[PDB]
Structure formats: structure tokens, C-alpha cells
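Data first, discussion second: the structure below is written as C-alpha cells.
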Amino acid sequence: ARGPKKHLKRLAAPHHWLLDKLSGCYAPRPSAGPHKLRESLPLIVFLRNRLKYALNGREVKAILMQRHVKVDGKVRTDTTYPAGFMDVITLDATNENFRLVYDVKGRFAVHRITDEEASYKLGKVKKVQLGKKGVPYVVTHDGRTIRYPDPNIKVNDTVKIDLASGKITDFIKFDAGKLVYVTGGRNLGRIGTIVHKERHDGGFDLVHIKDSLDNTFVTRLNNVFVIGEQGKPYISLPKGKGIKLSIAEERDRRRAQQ
Amino acid sequence: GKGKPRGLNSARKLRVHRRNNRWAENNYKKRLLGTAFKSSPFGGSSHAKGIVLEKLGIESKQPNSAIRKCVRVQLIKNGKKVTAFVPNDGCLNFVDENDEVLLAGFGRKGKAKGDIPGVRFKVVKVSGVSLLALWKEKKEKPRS
Amino acid sequence: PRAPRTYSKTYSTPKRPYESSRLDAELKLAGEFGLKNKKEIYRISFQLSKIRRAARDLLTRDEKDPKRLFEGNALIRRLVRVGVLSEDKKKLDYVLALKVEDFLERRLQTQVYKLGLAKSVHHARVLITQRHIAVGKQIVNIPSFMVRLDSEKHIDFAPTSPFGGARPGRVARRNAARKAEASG
Amino acid sequence: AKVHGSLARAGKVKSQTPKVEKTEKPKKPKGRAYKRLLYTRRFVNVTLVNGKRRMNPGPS
Amino acid sequence: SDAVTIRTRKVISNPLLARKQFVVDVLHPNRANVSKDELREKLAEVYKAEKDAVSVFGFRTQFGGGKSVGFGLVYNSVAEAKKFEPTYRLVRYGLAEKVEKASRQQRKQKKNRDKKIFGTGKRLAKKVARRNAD
RNA sequence: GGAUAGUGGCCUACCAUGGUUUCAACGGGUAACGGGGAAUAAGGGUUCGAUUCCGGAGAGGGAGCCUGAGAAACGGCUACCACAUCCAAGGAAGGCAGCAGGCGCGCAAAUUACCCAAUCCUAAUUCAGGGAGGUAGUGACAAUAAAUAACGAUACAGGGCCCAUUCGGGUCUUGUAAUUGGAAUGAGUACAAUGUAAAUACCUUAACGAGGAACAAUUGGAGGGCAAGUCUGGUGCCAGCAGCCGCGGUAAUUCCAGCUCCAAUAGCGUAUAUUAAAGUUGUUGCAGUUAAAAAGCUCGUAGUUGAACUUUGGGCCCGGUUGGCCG
RNA sequence: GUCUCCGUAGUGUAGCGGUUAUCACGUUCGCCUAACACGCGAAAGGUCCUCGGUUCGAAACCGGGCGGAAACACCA
């Protein structure tokens with residue numbers, strides 16, 4: 002409507018943000034950044050409703066202005082910064098490093114990683130092209146541009162970005178027998194192994210990912226994220242590791258815990 | 002075959018034949034043709050104010066004997082001459098010429114209720130005060 | 002532009018409102034259980050219809066059905082929790098065989114009578130509304146509470162009530178002050 | 002066929018009727034107590050049964 | 002006032018904001034409520050701090066009486082309290098004074114009137130005074 | 001080939017005469033923004049959907065344009081038409097279908113209040129601004145819970161049963177009372193605390209706060225469907241009552257008042273529109289001899305429907321689900 | 001608000017400062033049946049809108065008020 006829109010009512014916000022429907026009629030619309038607004042998490046909601054460190058909106062602003070959090074090495078100062086998958090927030094105070102990894106249920110998590118793990122970030126490349134001056138480059142899922150990559154690196158693989166130096170240190174090829182991470186869709190947050198794939202040269206490539214419990218599901222190739230080989234994950238997996246128990250098994254788990 | 006098509010690919014014929022056959026319904030024709038917005042004196046409204054032009058008296062229909070003590074009121078919006086009916090006993094004394102009366106339906110969806118011929122509306126409020134209140138002596142009619 | 006709140010009607014008026022047989026039935030039930038409005042009977046019947054409809058939809062599905070099993074035990078567990086269904090009747094068929102009297106018996110008004118602290122259901126109602134009776138450590142003034150076989154042992158006089166010790170009360174003080182001053 | 006019939010008889014019986022005032026009576030209980038009074042009268046203390054129960058009998 | 006028994010729950014630590022948050026559970030048997038200054042006073046020594054270092058809000062008395070649930074905060078330093086505690090709670094206890102900036106209506110009218118003049122207006126004021134002197 | 005940020009009759013020059021249509025084009029009406037959804041019901045379905053969310057159009061009716069990434073912007077300009085304001089008659093300033101409020105319209109719809117304290121947005125930016133928004137006020141649009149009363153003792157009236165010592169007491173009862181008594185909180189006051197940007201409310205709780213004359217609950221009906229009078233007084237085809245049948249012409253169980261009773265209950269009635277009722281829209285699931293309904297008859301397209309048949313049968317095994325001796 | 005045209009039984013509505021009556025409808029009354037009905041045979045129905053004067057004497061001569069029937073006005 003005569004230009005862009007800078008607003009988000011508290012009814013069209015993504016449901017994985019776990020926002021209520023009574024505290025105000027608006028939602029914290031993420032600013033333009035590395036990830037899409039529907040596939041990321043603003044810093045305000047993460048610190049106010051997930052970690053409960055801040056209560057009000059100004060408390061998040063005061064914390065952010067005080068140069069405390071560090072997202073992907075950068076301190077950042079925007080309350081609506083779109084932190085999505087494979088985003089590490091480092092806090093000099095409280096001695097905690099937080100990593101944004103999806104859960105089995107379909108939301109984000111508060112997974113805590115060691116300082117060594119926060120030094121590296123996995124990234125799924127999207128485009129490989131020969132740019133100006135003949136220099137090759139890759140386009141990771143976060144939008145980072147890395148020049149002069151490994152020639153073996155192609156589309157639909159994952160690279161290990163050094164974050165601190167912004168250099169590729171390890172690449173994982175996409176083939177059968179690779180542990181992946183589903184990002185997006187009704188089957189998001191599942192972790193499994195690839196057995197085969199039907200190419201379907203018309204768009205929307207499909208891959209048959211199989212869970213460790215012999216459960217198999219179909220997810221489009223655009224929603225996959227290889228996170229290592231079979232049995233060895235290059236990243237510390239979240240609790241549960243995407244078992245995806247049914248409603249019956251979950252109820253017995255609760256009754257075995259209370 | 003019960004006189005109707007019964008093929009798995011014959012749905013237009015049933016749909017069309019349904020469209021023409023539902024026109025025989027009184028309610029279907031009354032709603033879609035929109036005669037309530039054209040010929041209905043109220044113009045698709047539950048109530049209508051007007052001006053009391055004169056006091057009227059009509060006789061009952063067969064097997065009955067009474068004067069219904071009606072009234073002729075001109076609606077404001079439409080400007081049509083419409084007869085009304087003052088319901089309760091001793092209620093014409095409250096009403097008078099050049100008065101604002103809030104008309105209403107009579108319960109037959111347009112038709113005449115009983116022995117009253119032609120009259121299809123009843124007076125509910127006069128001069129801003131309800132007829133029932135004055136009849137029960139709960140309120141008094143404003144003078145001017 | 003805030004999200005609107007959700008509201009629902011919890012009672013269903015009878016299709017035949019004018020019938021002597023049904024009219025006397027609810028009058029007997031209301032008087033026996035101490036109910037003022039027959040909408041209370043309309044409400045409790047509405048809840049019975051909903052659970053019966055939900056249970057009926059479950060009984061048209063085959064055994065070992067994840068949807069039928071999960072919701073079936075959840076509804077059964079809730080019913081046996083609230084005390085309308087006995088432990089040996091947890092088979093999803095007696096759920097359709099529940100009546101209004103069974104639900105009415107679980108109301109806190111009837112439980113107060115049953116434990117013997119009101120001597121009359123109408124006296125239970127005034128005790129309910131006058132805050133002389135509490136559940137656990139919380140004062141409840143709603144006649145319809147539906148105790149669930151676990152708080153039934155916690156039904157007792159509230160600590161902040163003249164009947165259960167505490168400060169003697171309002172009209173007692175006026176009478177006590179009047180006689181003390183008369184005798185002084 | 003006439004439409005200007007005499008209207009001087011309007012409110013006739015409304016005037017010739019005598020005037021009677023409602024004498025005060027003991028207050029009937031309202032609410033749950035009325036339902037209790039109905040219960041104690043409908044079933045507990047039913048008096049006139051004849052062959053079928055009667056709610057409001059007249060002078061017999 | 003009697004047997005207050007201030008019991009704290011869900012205590013957390015924020016070096017980010019230099020404060021500790023906790024949902025304070027207070028029981029007031031046979032007494033109506035506990036005043037805000039009351040809980041703040043004994044909040045000082047349980048956390049080994051001063052009176053002018055704590056913050057409590059909420060305290061919605063539980064129905065029936067005898068219990069109240071509220072949420073409380075404790076700040077390490079006075080200057081940290083100034084720079085983090087919002088102004089409305091600061092003026093509330095004793096921490097600052099709320100100056101009346103007239104109201105919203107007159108401020109809006111004054112802003113529009115100041116918008117109608119292009120400049121400081123000293124030359125405009127002297128020009129209109131000279132022209133309209135007679 | 002021009003123009004566009006781009007493909008394109010978007011436009012231009014030339015050439016060909018094509019493109020859509022009974023499979024419902026085109027034209028007309030729309031008490032037509034569309035959808036997510038709402039009411040209603042066993043199922044099927046019908047009706048509605050301006051209205052909190054998403055996608056669109058407009059700033060009184062049209063046209064044109066600057067700036068800017070983004071407008072064909074109207075709380076930005078330019079012109080015309082219909083409106084309309086200030087004039088010391090030359091001239092100048094406007095578009096509330098933004099927040100309040102005013103006139104008119106009508107059956108029909110609120111304060112010319114407070115705050116950026118929350119949910120967010122914008123700027124150079126933590127600080128500032130936002131009738132976006134939130135709070136309060138009016139508010140019986142709709143929903144939830146729920147006061148108006150209960151409990152003892154006396155005067156009668158009972159239900160099993162004890163004495164079978166007469167019709168004596170009746171021990172336990174359930175109500176009727178020109179019987180009388182104790183305890184009980186709520187509505188309303190609110191010291192105070194909490195609430196909240198300041199507050200107003202909710203909750204808390206000092207203290208003050210019923211004995212009925214009291215702190216008073218109404219809305220309809222009592223011939224039938226459709227539960228509740230062969231009661232009293234008045235009226236006498238008059239007044240009037242009734243959604244349907246009908247009642248009233250001097251014996252009114254239907255009118256107008258009183259008594260009594262019943263229906264719902266802080267709710268009830270009425271009018272209009274709609275749904276179930278309606279198997280009276282019938283795909284599920286109508287009827288066509290006589291109640292309305294086989295075209296006079298035949299040919300015949302679109303449409304609908306359309307004979308049978310083409311790989312069976314027989315074994316050999318394996319691993320899963322449901323229960324199963326033995327638990 | 002200021003100014004102008006009318007006001008007359010129940011409906012109609014005449015008619016005319018020494019004095020308000022008529023006319024049809026109607027309104028009742030004796031008439032018949034059982035209630036009728038038509039058929040009929042008779043008589044009940046106006047402070048002349050209100051007030052005040054002019055007035056021997058007025059409703060009408062005049063003026064004030066109201067009602068209705070028509071106008072123009074009416075930015076704390």
C-alpha cells in the first residue's frame with residue numbers, strides 16, 4: 002500500500018514466538034536482517050519471554066544499549082534484530098552463551114553451549130556463483146558472503162563458519178547417510194538420516210529423512226539443514242534430539258515424571 | 002429413476018433445475034426480488050414514525066361486531082398514507098392529530114391479523130412515551 | 002484492535018418448554034438439591050449433552066485408535082477425578098449412561114449437606130454465600146464447585162469465620178454490647 | 002360502508018368499572034425460597050387430589 | 002502485620018541489569034494487607050541490603066484473605082537503582098520528585114502555536130507591536 | 001519501433017481477420033469489497049458476513065503533477081463542478097468515511113476526559129513524539145457467576161412404632177401460624193491498605209451497616225394447541241380480547257378490575273429478518289390417474305446414461321499387527 | 001420569535017350586538033324478533049375557543065390569551 006509496511010498486529014505474528022493475545026494489539030515486527038521475519042526471533046521477545054531476564058520493553062532497550070549481548074560476534078543494538086536458526090548470542094555477563102536451535106515441538110529453545118562451541122557456526126549455502134572480477138563466492142542461509150570458497154562446495158551443503166574470522170573451515174557434502182535438521186514446515190525440528198531422494202526436475206525437491214527410531218518422513222529440500230554425518234553431529238543437539246514422541250507417549254512420560 | 006438425473010457427471014442439470022424450482026417458494030421470491038425495499042410501506046424496517054393525520058374508525062369483518070378505533074398516519078421517510086391500530090382500551094384519548102407515533106408490525110408478516118380489515122400495523126409509542134406506560138398510568142404524555 | 006475475548010453460552014433451553022412431565026421433574030431435582038433457577042438444571046444438562054456427544058463420537062471409532070484412546074482416557078480420567086464415575090465403570094460406555102443427578106451430587110452444596118454441617122440444603126446455600134465455609138485454605142462462596150474426591154477431606158470451616166472460632170461476629174457484638182452496657 | 006364511525010364510546014368500560022385497591026399481604030419469599038415453597042406445596046403437602054392433582058381449585 | 006512470614010519464590014539473578022528478581026509470597030493472617038513500605042523494610046535484611054535498594058509491585062490479595070502474591074526486585078547500588086528503576090516507581094517511594102509539565106492539552110496547543118511562527122519570534126513580536134501599537 | 005523499472009496492443013506504423021459464446025459469453029439488477037469466519041441444526045444443508053485478522057478501494061465527484069526507494073498521496077499541491085468560511089469588496093483560507101463533538105437522516109448507535117504507565121512504530125535516536133494505543137466515563141448490544149434469605153424453640157396437623165393402662169403421653173418427624181426467640185453475612189457506607197503514570201474500580205479488611213413498614217423482583221398468561229379458575233364485581237356483538245380456532249347481542253371459565261394459580265427470572269414481552277421445525281426445496285429426501293403437477297404426438301443436438309469379454313487359479317516361503325497353552 | 005388567514009353539536013357545520021339555531025349524517029327513545037334485519041313510529045344533542053371591556057344589551061364592535069390552519073424569523 003503505497004510503500005512498505007512497518008507494523009505487526011498481535012494476531013499475524015508467527016505462532017512459534019509463543020506470544021499472547023491480550024498484552025497489546027501489536028507484535029515486535031523484526032527489522033530487515035539476515036533472516037526472514039517469519040523464520041527468525043526478535044531480540045526483544047527472546048530476552049523478555051524466553052529468558053525472562055527483562056520484564057518490560059525499555060528493560061530490553063536498556064540492556065541492549067549497555068553493550069551486553071553479542072549475536073554472531075557482533076554486539077548489535079536493535080531491539081527487533083531478526084535472530085533465526087544458527088544464531089549464537091554471547092553474553093559477557095552471566096557467563097552464558099545461547100544458541101538458537103529449534104525444538105522437537107515446533108518452537109525455539111534456550112540450549113546452552115560451551116564457549117568453544119560458540120566460536121563456530123554451521124551454515125547451509127544457498128547459491129554458488131562466479132562474481133565480479135572472477136571471484137567465486139557462496140551464500141549461506143544467514144546471507145553471509147564468503148569469497149574464494151572450496152571448489153568442492155556446491156549447492157545444498159553446509160559449511161562451518163569460523164564466525165570470529167568469517168572464514169570457512171569445514172564443509173559437509175549432501176549425500177545419503179547424513180544427519181540433518183529440518184528447518185520449516187509441519188515436520189520442523191526433526192533430526193534424522195537421509196536414505197534417498199526423488200529429484201523431480203520441476204521444483205520442490207523431496208528427501209526421505211529417517212529418524213533413529215525407524216520413523217520416516219518427507220520434507221522439501223529447501224527446509225533441510227545437514228548438521229553432520231551419520232552418528233556424529235557437528236553441533237550439540239538439543240535435548241530430546243527430535244524423537245517426536247506421539248501424544249500417548251508424551252502423556253506417559255509426564256505421568257512417569259510427576 | 003424417480004424423474005431426476007442420477008449420473009456421476011450430471012450436476013449442472015440438478016443445480017439449474019433447483020434454481021428455477023426454488024422460485025416457486027414464497028420466501029425465496031420475497032427475499033431475492035426485494036419487494037420489501039420497493040412495495041412494503043415500512044421499507045424493510047421494524048418500526049416507523051409518522052404524523053397522525055386523522056382519527057379513523059373501521060368495522061369488523063363477518064362473525065364479529067366492534068369498531069377497532071384505528072388511525073391514519075403518514076410515514077416520514079416514505080411519505081405514504083398508512084393505517085395503524087391503537088391496541089389497548091381507552092387509548093385514542095392519548096393520541097391526537099399532528100402527533101409522532103412509532104408504528105410497528107402486527108404479527109402476520111404483512112397480512113391483517115383479525116377482524117380489522119386492511120390495518121396491518123399497531124401504534125406502540127406516541128409523543129416519545131410508550132402506550133403501555135400511559136395505559137398503566139406509569140408515565141404521563143408530554144404536553145408540548 | 003486487540004484480540005476479542007471468547008464467550009459461550011453454558012445452558013440450553015428445552016425445545017418443549019411447556020410440558021407437565023418435564024416441569025415436575027426439574028422442580029423435584031431443584032428442590033432436592035437446593036437450586037433457585039432452573040437454568041442451573043439447564044446448565045448441568047448442557048454439560049451432560051456435550052460430554053455425551055464427545056463420547057458418542059469416540060464410540061464410532063475402532064479399538065486401538067490413537068485419537069479414540071487418548072481423548073477417551075482423558076475424558077474418563079477427568080470424570081473419575083471429579084467423582085461422577087466410579088473406578089469400576091471406566092469403560093467409555095457408562096459415560097453415555099450418566100444422568101443429571103450424578104453430576105448434581107458432586108456439587109459442593111450437596112457435599113456440605115452430606116458431611117453434616119448445614120442440616121438443610123437451603124442452609125448450605127446461605128453458608129456458601131456468607132463465606133462461612135472454605136475449601137482447603139481458600140474461602141469459596143460459589144455453590145457449584147464440583148469437588149473431585151481429593152478436596153472432599155479438605156472441606157471444613159474457614160479460619161476467618163465466627164462458626165469455626167475466630168472473631169465472634171457482627172450481630173453478636175451488637176447484642177453483646179447492648180447487654181453488657183445494660184448490665185453495666 | 003363507512004369509515005367515520007362514532008368514536009365517542011372509546012374507553013367506556015374502562016370508566017364504568019369500579020375501583021379496587023390491592024390490599025397488602027404477607028410477603029411471598031423470592032428466589033430459592035419460592036422454589037422451596039413450590040416443592041413443599043406441589044409434592045410434600047399436596048392437599049386436593051380428587052382423581053387428578055389440581056393446582057388452583059375453586060370454591061367447591 | 003502479624004506473622005508476615007515473607008517467603009520468596011522463583012529467585013533469579015541478572016548481572017545484566019544488576020538486579021535479582023523473585024515473586025514474593027506474603028501471608029497476612031488476621032490482618033488486611035501489608036503496606037508496600039512494610040515488605041520493603043524487611044526485604045533489606047533478608048537480602049542483606051538497604052531499604053532504598055528494593056522494588057516490589059503487584060500484591061493482589063488472594064480471595065478470602067490471608068495471602069498476597071507480588072513480584073519483587075532488589076538492586077545492588079543506589080546509582081544502579083536510579084539508572085534502571087523507572088521514574089514512576091522512583092517518585093513513588095522517596096527516590097525522586099515528579100515535576101508537573103502542565104498537561105498534554107496545553108503542551109500540544111503551545112507546540113502548534115510555536116509551529117505557526119518561523120523563527121524565535123523576537124523580531125516578529127517587535128514588528129507586530131510597532132504596527133499594532135495604535 | 002516507441003514507452004515502462006520490466007514481459008505484454010501498454011502505445012504507434014503495416015499486414016492477416018481473427019477472439020468469446022446454450023459447458024450460460026455478452027447485457028441488466030445487486031437492501032454485492034472478498035476471504036478467514038458467524039447463527040442454525042443427527043447427517044445433508046440453508047442464511048448471513050460493513051464490523052477487531054489478511055488481501056483490496058477511497059479522503060466530496062473526477063482529472064493532472066512535484067518530492068521521495070516507495071504516492072498518482074489529499075491531516076501534499078494544481079485545475080473544473082457541486083458545497084462552504086473570513087472580508088475595512090482588493091483578496092485569502094478549507095475538505096472529520098482520523099480522535100471527541102455539532103446539525104441533518106432515521107426504528108437504530110457514547111465523553112468536545114486522562115496518560116505514553118503498559119503493546120509497538122518513527123527520528124540523528126535508550127531520554128523525544130504518536131486521539132497508533134492504553135485508562136476512565138456513558139452503556140441491560142451480546143456472555144459468566146450470583147443477593148433478595150436461612151436456622152432453633154412454642155399454638156396446631158401428621159408417618160412409621162412403644163405401651164394395648166380407656167380418645168393419655170406420644171418420644172423422632174414435616175408443614176400451617178393476628179407465636180416468639182437467638183446466631184449470619186451480603187447490597188450500601190471505606191479509617192486504611194493494595195490497585196493504578198495519578199487515579200476510578202476488583203480483592204483484602206478496622207469501624208458503621210435487616211425482623212419485614214423492612215435493604216419491598218418484575219415481565220406475560222390462566223378455553224384449546226400451551227401449564228395456569230366453571231372464583232368474585234363491572235360491561236352487555238358496546239367497550240374490547242385473540243399470532244390460529246374464536247369470545248362479548250343482561251347467567252363472559254377468553255373482555256375490564258380483585259383473589260388465587262402457573263410460566264421465565266434480573267429478566268420477560270413485542271415487531272421485523274433468518275434458521276431448525278420443512279420429507280413445504282426433497283443429491284441424501286417430495287409429488288404428477290382423481291388434492292397443483294406427463295408437453296397433442298414424433299423426429300432430434302448440446303447434455304445425461306450406455307451389453308459382455310482381455311490374469312485366473314495353484315502352491316512355496318518370509319517378516320509385522322491382534323489376541324493365545326505356559327503367566 | 002414576529003406577522004398574516006380561519007375557529008361555530010357527536011361527525012357535519014350552518015346562522016346571525018338589543019335574541020344559538022338549522023341541516024343531513026349521526027345520538028338516543030317507543031317499534032318488532034330471540035337477537036335481529038330492513039320496515040319503521042318519536043325526540044335527546046352549542047361559555048358561539050378563553051379572558052377582558054365596549055356594553056340597556058356582544059359570540060359576532062374592539063383588543064389580549066389559547067387552539068388549530070399558514071408564513072417569515074431564531075449564531076451562549
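Protein chains in written order, with PDB author numbering: chain SS, 2 to 259; chain Sc, 2 to 145; chain SW, 2 to 185; chain Sg, 2 to 61; chain Sd, 2 to 135.
Just so you know, even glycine gets a beta-carbon here, dropped at the ideal spot from N, CA and C.
The C-beta distance from residue 79 (chain Sd) to residue 38 (chain Sd) rounds to 18 Å, too long to meet the 8 Å contact threshold.
Within the segment 13–82 of chain SS, the alpha helix (DSSP H) runs of at least 4 residues that lie entirely inside it are, in chain order, 58–66. Under the 8 Å Cβ criterion, the segment 77–91 of chain SS does not count as touching the segment 5–14 of chain Sd, having fewer than three qualifying pairs. Listed along chain Sd are 13, 15, 17, 18 and 22, each with a C-beta nearer than 9 Å to that of residue 54 (chain SS). Cα atoms of residue 129 (chain SS) and residue 233 (chain SS): separation of roughly 27 Å, rounded to the nearest angstrom. Taking all protein chains in view, the Cβ of residue 23 (chain SS) is surrounded by fewer than 16 other Cβ atoms within 10 Å, so the residue is classified as exposed.
Taking C-alpha positions only, residue 163 (chain SW) is separated from residue 175 (chain SW) by approximately 14 Å. By DSSP's assignment, residue 72 (chain Sd) forms a beta bridge with Sd:24 and Sd:58.
In the DSSP annotation of this structure, the continuous segment of the alpha helix (DSSP H) that includes residue 35 (chain Sg) starts and ends at 33–40.
A distance below 6 Å between beta-carbons, with the five flanking residues on each side excluded, links residue 134 (chain SW) to the following residues of its chain, in chain order: 128. With fewer than 16 other beta carbons inside 10 angstroms of its own, residue 24 (chain Sc) counts as exposed. For residue 125 (chain SW), the uninterrupted alpha helix (DSSP H) run begins and ends at 122–130, by DSSP. Shown here for residue 62 (chain Sc): same chain residues with a beta carbon closer than 7 Å to its own, the five before and five after excluded, namely 116 and 118 in chain order. In the DSSP assignment, residue 182 (chain SS) is bridged to SS:192. In this structure the segment 53–60 of chain SS does not touch the segment 116–123 of chain SS; the number of beta carbon pairs closer than 8 Å is below three. Taking C-alpha positions only, residue 219 (chain SS) is separated from residue 88 (chain Sd) by approximately 55 Å.
Against chain SW, a Cβ distance below 9 Å from residue 55 (chain Sg) picks out nothing, because the smallest value is about 13 Å.
For the 8 Å CB-CB criterion, residue 154 (chain SS) and residue 140 (chain SS) do not form a contact.
Neighbours of residue 37 (chain SW) in chain Sg, taken as residues whose beta carbon is under 7 Å from its own, are 32, 33 and 36 in chain order. Among the residues facing chain SS, residue 119 (chain Sd) is not included, as its CB has no counterpart in that chain under 8 Å away. For residue 248 (chain SS), the chain SW residues whose Cβ falls inside 8 Å of its Cβ are 67 and 71, in order along the chain. The residue from SW:139, SW:54, SW:150 and SW:37 with its alpha-carbon nearest to that of residue 81 (chain SW) is SW:150.
Rounded to whole angstroms, the gap between the alpha carbons of residue 55 (chain Sd) and residue 91 (chain Sd) is 11 Å.
Among the residues of chain Sc, none has a CB under 7 Å from the CB of residue 59 (chain Sg); the nearest is roughly 27 Å distant. For residue 9 (chain Sd), the uninterrupted beta strand (DSSP E) segment begins and ends at 8–15. When SW:7, SW:15, SW:8 and SW:26 are compared, the shortest CA-CA separation from residue 102 (chain SW) is found for SW:26. A straight-line Cα-Cα distance of about 13 Å links residue 34 (chain Sg) and residue 39 (chain SW). The alpha helix (DSSP H) runs lying completely inside the segment 18–62 of chain SW and spanning 4 residues or more are 21–34 and 40–60, given in chain order. If you look at residue 124 (chain SS), you'll find it in the beta strand (DSSP E) that goes 122–131. In summary, residue 244 (chain SS) is exposed, with fewer than 16 beta-carbon neighbours lying within 10 Å of its beta-carbon over all protein chains present. Boundaries of the alpha helix (DSSP H) harbouring residue 94 (chain Sd): 88–94, taken from the DSSP string.
Rounded to the nearest angstrom, the gap between the Cα atoms of residue 160 (chain SW) and residue 4 (chain Sd) is 15 Å. Under the 8 Å Cβ criterion, the segment 11–21 of chain SW does not count as touching the segment 89–96 of chain SW, having fewer than three qualifying pairs. Per the coordinates, the alpha-carbon of residue 131 (chain Sd) lies some 14 Å from the alpha-carbon of residue 122 (chain Sd). Spanning the alpha carbons of residue 256 (chain SS) and residue 156 (chain SS) requires a straight line of approximately 46 Å.
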